[PDB]
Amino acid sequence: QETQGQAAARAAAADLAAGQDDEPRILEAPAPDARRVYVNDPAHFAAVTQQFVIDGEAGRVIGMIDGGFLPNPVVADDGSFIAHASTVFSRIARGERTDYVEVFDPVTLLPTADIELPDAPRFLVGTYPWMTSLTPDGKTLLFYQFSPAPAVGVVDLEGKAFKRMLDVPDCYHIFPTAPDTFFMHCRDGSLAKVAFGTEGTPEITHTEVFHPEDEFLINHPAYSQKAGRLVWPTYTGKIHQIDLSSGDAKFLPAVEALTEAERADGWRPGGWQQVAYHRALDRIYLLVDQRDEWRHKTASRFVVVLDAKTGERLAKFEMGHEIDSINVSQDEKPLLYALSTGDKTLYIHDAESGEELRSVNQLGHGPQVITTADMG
């Protein structure tokens, strides 16, 4: 019940009363852990943006990172670094464009690499986590390019250098499975496997088509790189699961997040980051509400929870706020993170009971993306 700002007043008065000296200095953030959570604020397309680093357990902002125009955040699963691909202009939003990758130390938040990306190659879009992606060794960053055509840029983080663009087919998103391989989703309804060497055209294999042309897959699937599990809901809440753990795509039985009855009652997923996946529990969390079929980007007030293995519903939580995005911590007794763009606030819930524990407000102008590390 005592707040962080109250306990801080009391510590400060006791220092004063006892004559305890201390040097004003730059703090270090605490060590990355399972309960650290990152909230990116794309700020409704503003030319400059912010990321908040938050301790989920205390509900406290522990630092911030500035970015430019629609940056893509990535966070190494082992906690060793964070990075983003970003874009700046010589006169605010006009003049010469520079795209670049920065790597930051995760406790000092100091840039440890600034890597310029030649010829302004980033895709400028509303933030999708899997349009920029780390390989599982953490040594390579892969970013998507849309113009003039779908391509994928390879950035060597170890040597701090852009390497090359890979030509790909008409495909979207980047799910890395190895130091030299990633998967994308193609317009035609298949996945493409892209295997790449230091030089050469890549080797590209497609799977079979796994969804029909009139089944719409959302912009924000959940991908657990450590499980090799791609969890991909459609506009109706049908959930495709693809196992990438063998290094090849194996398509799991499709699951329905909503019942036939709820569907006919106008229950649909909706929001921004609509789906989360917990690796250890093998569990899928989906933001849903009653809504018209073309209100798919509005906030939702419920989360449904289901067993990934069977598709049985485990819980349905009333969130108590307008929630746009969700994610979960990857430890035992996880937190369920529920971000409201409209409230600019991160609501922090027990993922088991769905109860709200605490919240962090004043998170920028239109915060939308939550990222966690999977450290287990």
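All residue numbers refer to positions in the sequence shown, first residue = 1. Take the two forms, find the largest set of C-alpha atoms that superpose within 1.5 Å, and that set is the rigid core.
- Farther from the shown form on average, by C-alpha root mean square after a core fit in 9 other deposited structures of this protein, is 194-202, of the stretches 97-105 and 194-202.
- As listed in the deposited structure, the average C-alpha B-factor of 168-176 and of 113-121 is greater for 113-121.
- Taking the mean C-alpha B-factor of each stretch as recorded, 196-204 and 70-78 are not equal, and the higher mean is that of 196-204.
- Of the candidates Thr259, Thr108, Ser300, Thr87, it is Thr259 whose Cα B-factor is highest according to the PDB record.
- Annotation for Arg263, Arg291, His278, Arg229: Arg263 ranks highest, by Cα B-factor.
- Per the deposited record, the Cα B-factor of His349 falls in the lowest third when ranked against the other modelled residues of its chain.
- Placement of the Cα temperature factor of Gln225 within the chain: highest third of the modelled residues, per the deposited record.
- In this PDB entry, the Cα temperature factor of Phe317 sits in the top third of its chain's modelled residues, the highest group.
- Sort the modelled residues of the chain by CA B factor and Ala308 lands in the highest third.
- For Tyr128, the recorded CA temperature factor ranks within the middle third of the chain's modelled residues.
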